[PDB]
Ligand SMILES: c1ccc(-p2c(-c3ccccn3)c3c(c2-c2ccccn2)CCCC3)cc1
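So this first bit is one chain, no partners, the form solved without the ligand, shown in structure tokens.
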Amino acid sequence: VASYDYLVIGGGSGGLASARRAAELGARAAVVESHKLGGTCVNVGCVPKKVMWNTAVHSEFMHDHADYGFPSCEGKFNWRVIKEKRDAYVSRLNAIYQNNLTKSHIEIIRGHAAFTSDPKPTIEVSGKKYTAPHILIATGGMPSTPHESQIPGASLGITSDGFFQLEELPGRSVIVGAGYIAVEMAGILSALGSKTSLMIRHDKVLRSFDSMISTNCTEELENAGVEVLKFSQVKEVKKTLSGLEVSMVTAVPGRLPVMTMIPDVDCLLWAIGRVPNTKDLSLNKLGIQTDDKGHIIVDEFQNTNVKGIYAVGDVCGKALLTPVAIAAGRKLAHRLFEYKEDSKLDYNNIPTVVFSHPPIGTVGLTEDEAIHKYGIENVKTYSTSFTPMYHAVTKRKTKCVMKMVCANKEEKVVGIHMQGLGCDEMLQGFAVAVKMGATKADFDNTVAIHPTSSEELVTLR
């Protein structure tokens, strides 16, 4: 039984970040990883997604070429070219992460970890035992798929993982789900030329975002050529002579349900949720608490219910983002190895960018959330809607919408929501301002940068 100061199960964002900081602090750490280092984020998430987004962004910009004084650009996007380049780049990152671990003197234990029956918390990987007084579970999650029992033929569809395996651009694609991943995938496939449908159970996407954003985002998708199938769900999927045939039920409220067949589908992409990876951990041997989806339950300090066992990142099921897993993993290392007992991540005011077209940036409370927290009488919002100057000379148009949610007399900024060209890079510093507790006067007292989109947020009235 090899003993370490810190054993981290999972070599993705949270697990690596935590292991690296711990090692800086003098801890003797080891990371168990059964697949590729970098985990979701590098292999099938953040990185490959962004590359595909940059590609889709090229496609749109190329539509404006002639408007800008150039000759029309004519053609066909070649999926395999970019796919090969994207894979290579992921390969480069995996090699860097491995090197980062080595330079830090962190041991990499390759294989699938599981807890043992042993009294003092101990794991087994490939027959060998490993123990530490602090063990971090950072095993992440996976895409959720429907059971054949509920939706026959569901296994004919792919997930976001399968999306990163595709080698050709699917001619006809149907995406099921209304969350950010669904939105992102629909936007990429459509911009690159796939005849794309997005099938959502209600009338808008991103229903948990501020309502200005869910409305605007739904319209932008339609305007970009994505067919949004509202109040619809899949009833069955079948393999026809040439592709898939999707049977769906549309049930608009105030109307009779109607069943429709969608034929000749090349790609059926389930983007319905993520499930935690805890199933094969043998958690029950230690009696570690999970919720009914399999998420590990933790407190504000990432503690599980068992002493010396922690969990961070996707596996915990809250704020499923690369930077949160990292920040939580880091704060945890400072708490354990630097003896900073108050060291923990604040889960409020975490900013998010959704890589739609145009991108979305959000931080803090939606208007409804502020209304429930402070009361209608105490909430004031400011908003603007305009066409960015980039489109002054284009036939194709996109809008920029921004909304500021203020609370109390002081007009504290408690929420910022926007969608528009450049909003992906614009959000970070306002997130800093929001975290510091800025009020509207603080924004108003900052001299604008002209001509930009960003200047609209400091000149709202």
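Quick note: we count residues from 1 along the sequence shown, nothing fancier.
The same protein also has a form deposited with the ligand bound, omitted here; what follows describes it.
Per the 4.5 Å heavy atom criterion, the ligand in the deposited bound form is contacted by stretch 148 to 156, the sole one of 220 to 228, 293 to 301, 249 to 257, 148 to 156. Within 4.5 Å of the ligand in the deposited bound form, a heavy atom is found for all three of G162, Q165 and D266. Not displayed here, the ligand is kept clear of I309 by more than 4.5 Å at the level of heavy atoms in the deposited bound form. Looking at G193, you'd find every heavy atom of it more than 4.5 angstroms from the ligand in the deposited bound form. Not displayed here, the ligand is approached by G243 to within 4.5 Å at the level of heavy atoms in the deposited bound form.
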